$ cat query_16.txt   # compact mmCIF, N, CA and C atoms and all ligand atoms
# COMPACT_ATOMS: atom_id res chain seq x y z
N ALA F 3 8.84 6.13 -14.08
CA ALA F 3 7.56 6.61 -13.54
C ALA F 3 6.75 5.46 -12.99
N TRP F 4 6.05 5.74 -11.91
CA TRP F 4 5.23 4.74 -11.27
C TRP F 4 3.84 4.61 -11.86
N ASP F 5 3.36 3.38 -11.88
CA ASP F 5 1.99 3.04 -12.27
C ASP F 5 1.06 3.29 -11.04
N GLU F 6 -0.24 3.19 -11.24
CA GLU F 6 -1.18 3.47 -10.16
C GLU F 6 -1.12 2.55 -8.94
N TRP F 7 -1.32 3.12 -7.75
CA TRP F 7 -1.46 2.27 -6.57
C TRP F 7 -2.64 1.32 -6.71
N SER F 8 -2.46 0.12 -6.20
CA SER F 8 -3.58 -0.79 -5.95
C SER F 8 -4.44 -0.20 -4.82
N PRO F 9 -5.66 -0.71 -4.63
CA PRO F 9 -6.43 -0.34 -3.44
C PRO F 9 -5.69 -0.74 -2.17
N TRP F 10 -5.97 -0.03 -1.09
CA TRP F 10 -5.49 -0.49 0.21
C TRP F 10 -6.15 -1.81 0.56
N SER F 11 -5.38 -2.66 1.23
CA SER F 11 -5.93 -3.88 1.82
C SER F 11 -6.82 -3.50 3.00
N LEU F 12 -7.58 -4.47 3.49
CA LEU F 12 -8.22 -4.28 4.78
C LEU F 12 -7.15 -4.30 5.87
N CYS F 13 -7.52 -3.83 7.07
CA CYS F 13 -6.62 -3.93 8.19
C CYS F 13 -6.37 -5.40 8.53
N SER F 14 -5.11 -5.74 8.79
CA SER F 14 -4.77 -7.14 9.01
C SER F 14 -5.33 -7.65 10.33
N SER F 15 -5.65 -6.74 11.28
CA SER F 15 -6.28 -7.10 12.55
C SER F 15 -7.71 -6.58 12.54
N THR F 16 -8.67 -7.41 13.00
CA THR F 16 -10.03 -6.92 13.11
C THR F 16 -10.28 -6.23 14.44
N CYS F 17 -9.33 -6.32 15.36
CA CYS F 17 -9.33 -5.44 16.52
C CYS F 17 -7.88 -5.24 16.90
N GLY F 18 -7.58 -4.08 17.45
CA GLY F 18 -6.22 -3.78 17.87
C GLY F 18 -5.33 -3.43 16.68
N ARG F 19 -4.05 -3.18 16.99
CA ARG F 19 -3.13 -2.67 16.00
C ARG F 19 -2.96 -3.69 14.88
N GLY F 20 -2.90 -3.20 13.66
CA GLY F 20 -2.59 -4.01 12.48
C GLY F 20 -1.96 -3.19 11.38
N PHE F 21 -1.83 -3.80 10.20
CA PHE F 21 -1.20 -3.19 9.05
C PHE F 21 -2.22 -3.14 7.92
N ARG F 22 -2.13 -2.11 7.10
CA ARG F 22 -2.77 -2.15 5.79
C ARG F 22 -1.75 -1.77 4.73
N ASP F 23 -1.93 -2.30 3.53
CA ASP F 23 -0.90 -2.09 2.51
C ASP F 23 -1.48 -1.92 1.13
N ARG F 24 -0.66 -1.37 0.25
CA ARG F 24 -0.98 -1.27 -1.16
C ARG F 24 0.33 -1.30 -1.94
N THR F 25 0.24 -1.57 -3.24
CA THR F 25 1.44 -1.76 -4.03
C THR F 25 1.32 -1.04 -5.38
N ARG F 26 2.46 -0.82 -6.03
CA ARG F 26 2.45 -0.32 -7.39
C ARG F 26 3.67 -0.86 -8.11
N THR F 27 3.55 -0.92 -9.42
CA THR F 27 4.66 -1.33 -10.28
C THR F 27 5.10 -0.14 -11.13
N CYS F 28 6.17 -0.33 -11.90
CA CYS F 28 6.65 0.72 -12.78
C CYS F 28 5.86 0.79 -14.08
N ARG F 29 5.76 2.01 -14.62
CA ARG F 29 5.31 2.19 -15.99
C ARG F 29 6.42 1.77 -16.96
N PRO F 30 6.07 1.45 -18.20
CA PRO F 30 7.08 1.06 -19.17
C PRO F 30 8.11 2.16 -19.33
N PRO F 31 9.36 1.78 -19.52
CA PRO F 31 10.44 2.77 -19.60
C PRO F 31 10.36 3.59 -20.87
N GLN F 32 10.69 4.87 -20.74
CA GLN F 32 10.71 5.77 -21.87
C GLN F 32 12.14 6.22 -22.12
N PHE F 33 12.39 6.61 -23.37
CA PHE F 33 13.68 7.20 -23.71
C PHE F 33 14.01 8.39 -22.80
N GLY F 34 15.19 8.33 -22.19
CA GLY F 34 15.61 9.36 -21.28
C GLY F 34 15.10 9.20 -19.87
N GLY F 35 14.33 8.15 -19.56
CA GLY F 35 13.70 8.07 -18.26
C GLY F 35 14.68 7.67 -17.17
N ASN F 36 14.41 8.14 -15.95
CA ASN F 36 15.18 7.69 -14.81
C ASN F 36 14.71 6.28 -14.47
N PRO F 37 15.60 5.29 -14.45
CA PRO F 37 15.16 3.90 -14.27
C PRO F 37 14.37 3.70 -12.98
N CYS F 38 13.22 3.04 -13.12
CA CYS F 38 12.31 2.72 -12.03
C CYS F 38 12.59 1.29 -11.59
N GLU F 39 12.77 1.08 -10.29
CA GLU F 39 13.04 -0.25 -9.75
C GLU F 39 11.78 -0.71 -9.02
N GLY F 40 11.06 -1.66 -9.62
CA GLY F 40 9.78 -2.07 -9.09
C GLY F 40 9.81 -3.47 -8.50
N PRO F 41 8.74 -3.88 -7.80
CA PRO F 41 7.54 -3.20 -7.30
C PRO F 41 7.81 -2.44 -5.99
N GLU F 42 6.84 -1.64 -5.60
CA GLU F 42 6.93 -0.91 -4.36
C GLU F 42 5.68 -1.20 -3.54
N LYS F 43 5.86 -1.32 -2.24
CA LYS F 43 4.78 -1.57 -1.32
C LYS F 43 4.73 -0.44 -0.31
N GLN F 44 3.53 0.03 0.00
CA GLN F 44 3.33 1.01 1.07
C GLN F 44 2.54 0.36 2.17
N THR F 45 3.00 0.48 3.41
CA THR F 45 2.35 -0.13 4.57
C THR F 45 2.08 0.95 5.60
N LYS F 46 0.91 0.92 6.23
CA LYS F 46 0.68 1.86 7.31
C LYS F 46 -0.03 1.15 8.44
N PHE F 47 0.05 1.79 9.59
CA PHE F 47 -0.68 1.36 10.77
C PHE F 47 -2.18 1.44 10.55
N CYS F 48 -2.91 0.54 11.19
CA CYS F 48 -4.36 0.66 11.25
C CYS F 48 -4.87 0.08 12.56
N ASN F 49 -6.05 0.55 12.98
CA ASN F 49 -6.69 -0.01 14.16
C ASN F 49 -8.17 0.29 13.99
N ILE F 50 -8.99 -0.75 13.80
CA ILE F 50 -10.40 -0.57 13.43
C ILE F 50 -11.35 -0.76 14.60
N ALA F 51 -10.90 -1.37 15.70
CA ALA F 51 -11.79 -1.57 16.83
C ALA F 51 -10.96 -1.98 18.05
N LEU F 52 -11.47 -1.67 19.24
CA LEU F 52 -10.86 -2.18 20.46
C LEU F 52 -11.17 -3.66 20.60
N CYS F 53 -10.19 -4.43 21.04
CA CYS F 53 -10.51 -5.84 21.25
C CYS F 53 -11.27 -6.00 22.55
N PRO F 54 -12.23 -6.92 22.61
CA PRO F 54 -12.84 -7.42 23.85
C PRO F 54 -11.79 -7.76 24.90
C1 LIG E 101 -11.76 -9.98 14.07
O1 LIG E 101 -12.83 -9.39 14.80
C2 LIG E 101 -12.52 -8.92 16.12
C3 LIG E 101 -13.78 -8.31 16.73
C4 LIG E 101 -11.99 -10.05 16.99
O2 LIG E 101 -13.01 -11.06 17.19
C5 LIG E 101 -10.86 -10.71 16.24
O3 LIG E 101 -10.49 -11.86 16.98
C6 LIG E 101 -9.40 -11.53 17.81
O4 LIG E 101 -8.32 -11.10 16.97
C7 LIG E 101 -7.20 -10.74 17.77
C8 LIG E 101 -6.18 -10.07 16.83
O5 LIG E 101 -5.88 -10.87 15.67
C9 LIG E 101 -6.66 -12.00 18.47
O6 LIG E 101 -5.63 -11.61 19.39
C10 LIG E 101 -7.72 -12.66 19.32
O7 LIG E 101 -7.23 -13.98 19.64
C11 LIG E 101 -9.05 -12.78 18.60
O8 LIG E 101 -10.06 -13.01 19.58
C12 LIG E 101 -11.25 -11.15 14.85
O9 LIG E 101 -10.10 -11.66 14.15
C1 LIG E 102 -1.50 6.33 -5.40
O1 LIG E 102 -1.62 7.31 -4.36
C2 LIG E 102 -2.58 8.37 -4.66
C3 LIG E 102 -4.00 7.83 -4.55
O2 LIG E 102 -4.23 7.48 -3.18
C4 LIG E 102 -2.29 9.11 -5.97
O3 LIG E 102 -1.07 9.85 -5.87
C5 LIG E 102 -2.07 8.15 -7.11
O4 LIG E 102 -3.32 7.58 -7.41
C6 LIG E 102 -1.08 7.03 -6.68
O5 LIG E 102 -1.07 6.02 -7.69
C1 LIG E 103 -6.90 3.28 0.32
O1 LIG E 103 -7.41 4.32 1.19
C2 LIG E 103 -8.65 4.98 0.84
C3 LIG E 103 -9.83 4.16 1.34
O2 LIG E 103 -9.61 3.88 2.73
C4 LIG E 103 -8.71 5.34 -0.66
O3 LIG E 103 -7.81 6.41 -0.96
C5 LIG E 103 -8.35 4.18 -1.57
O4 LIG E 103 -9.35 3.17 -1.46
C6 LIG E 103 -6.99 3.61 -1.16
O5 LIG E 103 -6.78 2.40 -1.88
$ encode --input "query_16.txt" --output "structure tokens"
Amino acid sequence: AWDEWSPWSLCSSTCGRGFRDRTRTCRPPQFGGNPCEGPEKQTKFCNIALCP
């Protein structure tokens, strides 16, 4: 089982296309659990302003 996501980062670009990301680690293993392979990162597109 997965632990909670971290907050999203800010957009890596202050204008134009960039990335934002967040990460999570595994919860401690339990008897019978499906093994979790950690850490995991989620990345998405962002664009916060048009560049000059
Ligand atoms: C963040 O604020 C924006 C309003 C711009 O001033 C950014 O500077 C511009 O950033 C782009 C993308 O990294 C570069 O291509 C330009 O060289 C730069 O003027 C600022 O980082
Ligand atoms: C991260 O993603 C969402 C919150 O944005 C929820 O499913 C849960 O908090 C998860 O850790
Ligand atoms: C990232 O995205 C939103 C805020 O933009 C929230 O669900 C939370 O802050 C998450 O980390």
$ closest_atom_pairs --input "query_16.txt" --of "chain F" --to "ligand LIG 103 (chain E)" --cutoff "5 Å" --atoms "all atoms listed in the file" --output "Markdown table"
| residue | atom | partner | partner_atom | distance |
| --- | --- | --- | --- | --- |
| F:8 | C | E:LIG103 | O5 | 4.6 |
| F:9 | CA | E:LIG103 | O5 | 3.2 |
| F:10 | N | E:LIG103 | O5 | 2.7 |
$ select_by_dssp --input "query_16.txt" --residues "chain F" --states "strand (DSSP E)" --output "PDB file with N, CA and C atoms, in the frame of the given file"
ATOM      1  N   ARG F  19      -4.050  -3.180  16.990  1.00  0.00           N
ATOM      2  CA  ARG F  19      -3.130  -2.670  16.000  1.00  0.00           C
ATOM      3  C   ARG F  19      -2.960  -3.690  14.880  1.00  0.00           C
ATOM      4  N   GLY F  20      -2.900  -3.200  13.660  1.00  0.00           N
ATOM      5  CA  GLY F  20      -2.590  -4.010  12.480  1.00  0.00           C
ATOM      6  C   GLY F  20      -1.960  -3.190  11.380  1.00  0.00           C
ATOM      7  N   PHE F  21      -1.830  -3.800  10.200  1.00  0.00           N
ATOM      8  CA  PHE F  21      -1.200  -3.190   9.050  1.00  0.00           C
ATOM      9  C   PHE F  21      -2.220  -3.140   7.920  1.00  0.00           C
ATOM     10  N   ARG F  22      -2.130  -2.110   7.100  1.00  0.00           N
ATOM     11  CA  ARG F  22      -2.770  -2.150   5.790  1.00  0.00           C
ATOM     12  C   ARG F  22      -1.750  -1.770   4.730  1.00  0.00           C
ATOM     13  N   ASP F  23      -1.930  -2.300   3.530  1.00  0.00           N
ATOM     14  CA  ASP F  23      -0.900  -2.090   2.510  1.00  0.00           C
ATOM     15  C   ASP F  23      -1.480  -1.920   1.130  1.00  0.00           C
ATOM     16  N   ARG F  24      -0.660  -1.370   0.250  1.00  0.00           N
ATOM     17  CA  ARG F  24      -0.980  -1.270  -1.160  1.00  0.00           C
ATOM     18  C   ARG F  24       0.330  -1.300  -1.940  1.00  0.00           C
ATOM     19  N   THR F  25       0.240  -1.570  -3.240  1.00  0.00           N
ATOM     20  CA  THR F  25       1.440  -1.760  -4.030  1.00  0.00           C
ATOM     21  C   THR F  25       1.320  -1.040  -5.380  1.00  0.00           C
ATOM     22  N   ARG F  26       2.460  -0.820  -6.030  1.00  0.00           N
ATOM     23  CA  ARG F  26       2.450  -0.320  -7.390  1.00  0.00           C
ATOM     24  C   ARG F  26       3.670  -0.860  -8.110  1.00  0.00           C
ATOM     25  N   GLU F  42       6.840  -1.640  -5.600  1.00  0.00           N
ATOM     26  CA  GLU F  42       6.930  -0.910  -4.360  1.00  0.00           C
ATOM     27  C   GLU F  42       5.680  -1.200  -3.540  1.00  0.00           C
ATOM     28  N   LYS F  43       5.860  -1.320  -2.240  1.00  0.00           N
ATOM     29  CA  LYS F  43       4.780  -1.570  -1.320  1.00  0.00           C
ATOM     30  C   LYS F  43       4.730  -0.440  -0.310  1.00  0.00           C
ATOM     31  N   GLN F  44       3.530   0.030   0.000  1.00  0.00           N
ATOM     32  CA  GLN F  44       3.330   1.010   1.070  1.00  0.00           C
ATOM     33  C   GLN F  44       2.540   0.360   2.170  1.00  0.00           C
ATOM     34  N   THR F  45       3.000   0.480   3.410  1.00  0.00           N
ATOM     35  CA  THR F  45       2.350  -0.130   4.570  1.00  0.00           C
ATOM     36  C   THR F  45       2.080   0.950   5.600  1.00  0.00           C
ATOM     37  N   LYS F  46       0.910   0.920   6.230  1.00  0.00           N
ATOM     38  CA  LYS F  46       0.680   1.860   7.310  1.00  0.00           C
ATOM     39  C   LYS F  46      -0.030   1.150   8.440  1.00  0.00           C
ATOM     40  N   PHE F  47       0.050   1.790   9.590  1.00  0.00           N
ATOM     41  CA  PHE F  47      -0.680   1.360  10.770  1.00  0.00           C
ATOM     42  C   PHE F  47      -2.180   1.440  10.550  1.00  0.00           C
ATOM     43  N   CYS F  48      -2.910   0.540  11.190  1.00  0.00           N
ATOM     44  CA  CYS F  48      -4.360   0.660  11.250  1.00  0.00           C
ATOM     45  C   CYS F  48      -4.870   0.080  12.560  1.00  0.00           C
ATOM     46  N   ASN F  49      -6.050   0.550  12.980  1.00  0.00           N
ATOM     47  CA  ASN F  49      -6.690  -0.010  14.160  1.00  0.00           C
ATOM     48  C   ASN F  49      -8.170   0.290  13.990  1.00  0.00           C
TER      49      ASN F  49
END
$ residues_around --input "query_16.txt" --residues "residue 13 (chain F)" --least-positions-apart "3" --cutoff "6 Å" --atoms "all atoms listed in the file" --output "ChimeraX atom specification"
/F:16,20-22,48
$ atom_distance --input "query_16.txt" --atom1 "atom C of residue 6 (chain F)" --atom2 "atom C of residue 44 (chain F)"
11.9 Å
$ residues_near_ligand --input "query_16.txt" --ligand "ligand LIG 101 (chain E)" --cutoff "6.5 Å" --atoms "all atoms listed in the file" --output "NGL selection string"
:F and (14-18 or 53-54)
$ atom_distance --input "query_16.txt" --atom1 "CA of residue 37 (chain F)" --atom2 "atom C of residue 4 (chain F)"
11.6 Å
$ decode --input "query_16.txt" --residues "region 10-44 of chain F" --atoms "N, CA, C and O atoms" --output "mmCIF file, in the first residue's frame"
data_model
loop_
_atom_site.group_PDB
_atom_site.id
_atom_site.type_symbol
_atom_site.label_atom_id
_atom_site.label_comp_id
_atom_site.auth_asym_id
_atom_site.auth_seq_id
_atom_site.Cartn_x
_atom_site.Cartn_y
_atom_site.Cartn_z
ATOM 1 N N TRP F 10 2.327 18.888 -4.474
ATOM 2 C CA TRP F 10 2.909 19.181 -5.777
ATOM 3 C C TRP F 10 3.975 20.255 -5.639
ATOM 4 O O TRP F 10 3.799 21.248 -4.913
ATOM 5 N N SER F 11 5.023 20.112 -6.450
ATOM 6 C CA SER F 11 6.019 21.169 -6.587
ATOM 7 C C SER F 11 5.391 22.361 -7.306
ATOM 8 O O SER F 11 4.300 22.266 -7.875
ATOM 9 N N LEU F 12 6.090 23.482 -7.296
ATOM 10 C CA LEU F 12 5.725 24.558 -8.198
ATOM 11 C C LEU F 12 6.053 24.142 -9.632
ATOM 12 O O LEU F 12 6.837 23.217 -9.869
ATOM 13 N N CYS F 13 5.498 24.867 -10.601
ATOM 14 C CA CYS F 13 5.862 24.630 -11.978
ATOM 15 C C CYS F 13 7.337 24.958 -12.194
ATOM 16 O O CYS F 13 7.837 25.990 -11.732
ATOM 17 N N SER F 14 8.033 24.084 -12.921
ATOM 18 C CA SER F 14 9.468 24.266 -13.083
ATOM 19 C C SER F 14 9.791 25.464 -13.956
ATOM 20 O O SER F 14 10.938 25.924 -13.917
ATOM 21 N N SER F 15 8.832 25.923 -14.786
ATOM 22 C CA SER F 15 8.988 27.128 -15.601
ATOM 23 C C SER F 15 8.068 28.209 -15.053
ATOM 24 O O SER F 15 6.905 27.923 -14.717
ATOM 25 N N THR F 16 8.571 29.450 -14.949
ATOM 26 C CA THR F 16 7.701 30.537 -14.525
ATOM 27 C C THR F 16 6.970 31.157 -15.700
ATOM 28 O O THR F 16 6.070 31.974 -15.503
ATOM 29 N N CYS F 17 7.336 30.783 -16.920
ATOM 30 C CA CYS F 17 6.492 31.070 -18.065
ATOM 31 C C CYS F 17 6.734 29.948 -19.053
ATOM 32 O O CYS F 17 7.816 29.343 -19.060
ATOM 33 N N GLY F 18 5.710 29.631 -19.833
ATOM 34 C CA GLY F 18 5.829 28.575 -20.823
ATOM 35 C C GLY F 18 5.759 27.188 -20.189
ATOM 36 O O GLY F 18 5.553 27.011 -18.984
ATOM 37 N N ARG F 19 5.896 26.172 -21.049
ATOM 38 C CA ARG F 19 5.681 24.802 -20.623
ATOM 39 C C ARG F 19 6.706 24.430 -19.556
ATOM 40 O O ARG F 19 7.887 24.742 -19.670
ATOM 41 N N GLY F 20 6.259 23.700 -18.559
ATOM 42 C CA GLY F 20 7.123 23.122 -17.533
ATOM 43 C C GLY F 20 6.527 21.873 -16.924
ATOM 44 O O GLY F 20 5.556 21.302 -17.458
ATOM 45 N N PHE F 21 7.151 21.398 -15.846
ATOM 46 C CA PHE F 21 6.757 20.188 -15.162
ATOM 47 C C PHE F 21 6.402 20.541 -13.726
ATOM 48 O O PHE F 21 7.015 21.420 -13.121
ATOM 49 N N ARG F 22 5.448 19.820 -13.162
ATOM 50 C CA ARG F 22 5.298 19.789 -11.714
ATOM 51 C C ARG F 22 5.239 18.346 -11.257
ATOM 52 O O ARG F 22 4.834 17.458 -12.029
ATOM 53 N N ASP F 23 5.689 18.098 -10.031
ATOM 54 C CA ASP F 23 5.798 16.711 -9.593
ATOM 55 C C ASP F 23 5.466 16.546 -8.126
ATOM 56 O O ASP F 23 5.470 17.497 -7.350
ATOM 57 N N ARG F 24 5.187 15.306 -7.767
ATOM 58 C CA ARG F 24 4.990 14.921 -6.382
ATOM 59 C C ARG F 24 5.413 13.463 -6.238
ATOM 60 O O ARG F 24 5.607 12.748 -7.237
ATOM 61 N N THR F 25 5.644 13.029 -5.004
ATOM 62 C CA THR F 25 6.181 11.699 -4.782
ATOM 63 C C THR F 25 5.458 11.010 -3.621
ATOM 64 O O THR F 25 4.866 11.657 -2.760
ATOM 65 N N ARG F 26 5.581 9.687 -3.558
ATOM 66 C CA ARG F 26 5.108 8.955 -2.400
ATOM 67 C C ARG F 26 5.984 7.729 -2.206
ATOM 68 O O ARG F 26 6.606 7.221 -3.145
ATOM 69 N N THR F 27 6.010 7.262 -0.979
ATOM 70 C CA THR F 27 6.722 6.039 -0.626
ATOM 71 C C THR F 27 5.718 4.965 -0.213
ATOM 72 O O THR F 27 4.502 5.225 -0.114
ATOM 73 N N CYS F 28 6.217 3.764 0.042
ATOM 74 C CA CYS F 28 5.362 2.674 0.484
ATOM 75 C C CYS F 28 5.061 2.750 1.973
ATOM 76 O O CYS F 28 5.898 3.172 2.779
ATOM 77 N N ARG F 29 3.867 2.271 2.343
ATOM 78 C CA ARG F 29 3.555 1.994 3.738
ATOM 79 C C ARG F 29 4.288 0.726 4.186
ATOM 80 O O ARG F 29 4.669 -0.111 3.362
ATOM 81 N N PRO F 30 4.488 0.550 5.489
ATOM 82 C CA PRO F 30 5.167 -0.643 5.968
ATOM 83 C C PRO F 30 4.420 -1.887 5.528
ATOM 84 O O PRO F 30 3.185 -1.925 5.496
ATOM 85 N N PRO F 31 5.150 -2.942 5.216
ATOM 86 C CA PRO F 31 4.525 -4.158 4.690
ATOM 87 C C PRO F 31 3.717 -4.871 5.756
ATOM 88 O O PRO F 31 4.095 -4.913 6.929
ATOM 89 N N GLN F 32 2.597 -5.435 5.334
ATOM 90 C CA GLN F 32 1.740 -6.202 6.214
ATOM 91 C C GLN F 32 1.735 -7.648 5.768
ATOM 92 O O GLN F 32 1.947 -7.958 4.593
ATOM 93 N N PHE F 33 1.434 -8.530 6.722
ATOM 94 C CA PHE F 33 1.253 -9.937 6.394
ATOM 95 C C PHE F 33 0.218 -10.125 5.291
ATOM 96 O O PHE F 33 -0.935 -9.681 5.405
ATOM 97 N N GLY F 34 0.621 -10.847 4.248
ATOM 98 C CA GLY F 34 -0.236 -11.069 3.119
ATOM 99 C C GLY F 34 -0.234 -9.962 2.091
ATOM 100 O O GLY F 34 -0.931 -10.087 1.087
ATOM 101 N N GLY F 35 0.538 -8.892 2.287
ATOM 102 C CA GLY F 35 0.429 -7.743 1.398
ATOM 103 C C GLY F 35 1.095 -7.988 0.058
ATOM 104 O O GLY F 35 2.036 -8.765 -0.067
ATOM 105 N N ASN F 36 0.569 -7.335 -0.971
ATOM 106 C CA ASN F 36 1.223 -7.364 -2.267
ATOM 107 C C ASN F 36 2.432 -6.442 -2.180
ATOM 108 O O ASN F 36 2.272 -5.271 -1.821
ATOM 109 N N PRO F 37 3.642 -6.926 -2.456
ATOM 110 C CA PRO F 37 4.838 -6.100 -2.241
ATOM 111 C C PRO F 37 4.798 -4.796 -3.027
ATOM 112 O O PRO F 37 4.519 -4.777 -4.227
ATOM 113 N N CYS F 38 5.082 -3.704 -2.323
ATOM 114 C CA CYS F 38 5.122 -2.353 -2.871
ATOM 115 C C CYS F 38 6.571 -2.019 -3.197
ATOM 116 O O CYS F 38 7.458 -2.202 -2.358
ATOM 117 N N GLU F 39 6.823 -1.528 -4.406
ATOM 118 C CA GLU F 39 8.171 -1.170 -4.831
ATOM 119 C C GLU F 39 8.242 0.352 -4.882
ATOM 120 O O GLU F 39 7.673 0.967 -5.783
ATOM 121 N N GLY F 40 8.930 0.955 -3.914
ATOM 122 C CA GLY F 40 8.949 2.395 -3.787
ATOM 123 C C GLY F 40 10.287 3.005 -4.142
ATOM 124 O O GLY F 40 11.263 2.290 -4.356
ATOM 125 N N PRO F 41 10.367 4.344 -4.256
ATOM 126 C CA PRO F 41 9.358 5.410 -4.278
ATOM 127 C C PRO F 41 8.717 5.561 -5.662
ATOM 128 O O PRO F 41 9.145 4.992 -6.678
ATOM 129 N N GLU F 42 7.668 6.348 -5.703
ATOM 130 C CA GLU F 42 6.994 6.641 -6.945
ATOM 131 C C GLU F 42 6.899 8.152 -7.109
ATOM 132 O O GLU F 42 6.609 8.884 -6.144
ATOM 133 N N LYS F 43 7.060 8.608 -8.331
ATOM 134 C CA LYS F 43 6.986 10.013 -8.659
ATOM 135 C C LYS F 43 5.885 10.204 -9.692
ATOM 136 O O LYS F 43 5.803 9.449 -10.660
ATOM 137 N N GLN F 44 5.087 11.238 -9.518
ATOM 138 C CA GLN F 44 4.090 11.630 -10.517
ATOM 139 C C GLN F 44 4.476 12.977 -11.079
ATOM 140 O O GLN F 44 4.785 13.882 -10.317
#
